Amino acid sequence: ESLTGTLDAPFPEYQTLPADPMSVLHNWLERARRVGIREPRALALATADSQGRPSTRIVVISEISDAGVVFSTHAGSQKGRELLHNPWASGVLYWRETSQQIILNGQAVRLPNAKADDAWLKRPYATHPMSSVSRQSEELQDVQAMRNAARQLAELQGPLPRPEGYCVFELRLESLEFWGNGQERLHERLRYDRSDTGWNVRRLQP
């Protein structure tokens, strides 16, 4: 048996079926914060290429919005190029300590540059030199050249201008699943799908 979690993970929502899934997302994230889950917002984000072939990587959720979740990246990266052509994405959060997963499905929209400017400035300025010199996901020809270039920019010891491709995406949710380990291996799966008006909610078989 592979699951190692041992912390109590209350899931009254599996019984009560709240109409509004963002409240469940807020409840779970707040509890994760309060009990000290390690890196709860590390999202395994999937995008797909022009033929529907998926790719994955970790990104951090920086904000929970009314419509979904927000993250930052580089537009020229693989995920950025894939999202520009096909906005559909899915990500999964998994918390080993409580044996909980959260699956988040929807369409990711690039937010305005004013939003990216604010997000860039909110990052610690020590992150700016490498994020400026790097063209994320292109081939790296000379490690030492990139290192030396970033070191020269870092001399400023303060904020740099936002690089053109640094962007913020909002994943506007169309469906969500909250998964808990449950009792007697009857894993508790609470599934939401957007309706014309609000959400439909269902339990799924484990």
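Between two forms, the rigid core is the largest collection of C-alphas that superpose within 1.5 Å. The first residue of the sequence shown is number 1, and the count goes up from there.
> When the core is superposed, where do the C-alphas shift more in 4 other deposited structures of this protein: in 179-187 or in 5-13?
The more displaced stretch in 4 other deposited structures of this protein turns out to be 5-13.
> After fitting on the rigid core, pick out whichever of 170-178 or 152-160 shows the bigger RMS C-alpha deviation in 4 other deposited structures of this protein.
Relative to the shown form, the greater RMS C-alpha distance in 4 other deposited structures of this protein belongs to 152-160.
> Identify the stretch, either 145-153 or 36-44, whose C-alpha atoms have the larger mean B-factor according to the entry.
For C-alpha atoms only, the mean B-factor is higher in 145-153.
> Compare the mean C-alpha B-factor of 85-93 with that of 118-126 as given in the PDB entry, and name the stretch with the higher value.
According to the entry, 118-126 carries the higher average C-alpha B-factor.
> Kindly indicate the residue among 170, 177, 164, 174 with the greatest C-alpha B-factor in the PDB record.
When the deposited C-alpha B-factors of 170, 177, 164, 174 are compared, 164 is largest.
> So where's residue 15 on the chain's Cα temperature factor ranking, which third?
Residue 15: CA B-factor falls in the middle third of its chain.
> Using only modelled residues of the chain, where does the Cα B factor of residue 98 rank: lowest third, middle third or highest third?
Answer is lowest: the recorded C-alpha B-factor places it there.
> Considering only modelled residues of the same chain, in which third does the CA B-factor of residue 136 rank: lowest, middle or highest?
According to the entry, residue 136 has a C-alpha B-factor in the chain's middle third.
> Thinking about Cα B factors across the chain, which third does residue 60 belong to?
Lowest third of the chain for residue 60's C-alpha B-factor.
> Among the modelled residues of its chain, does the C-alpha B-factor of residue 196 lie in the lowest, middle or highest third?
Highest third.
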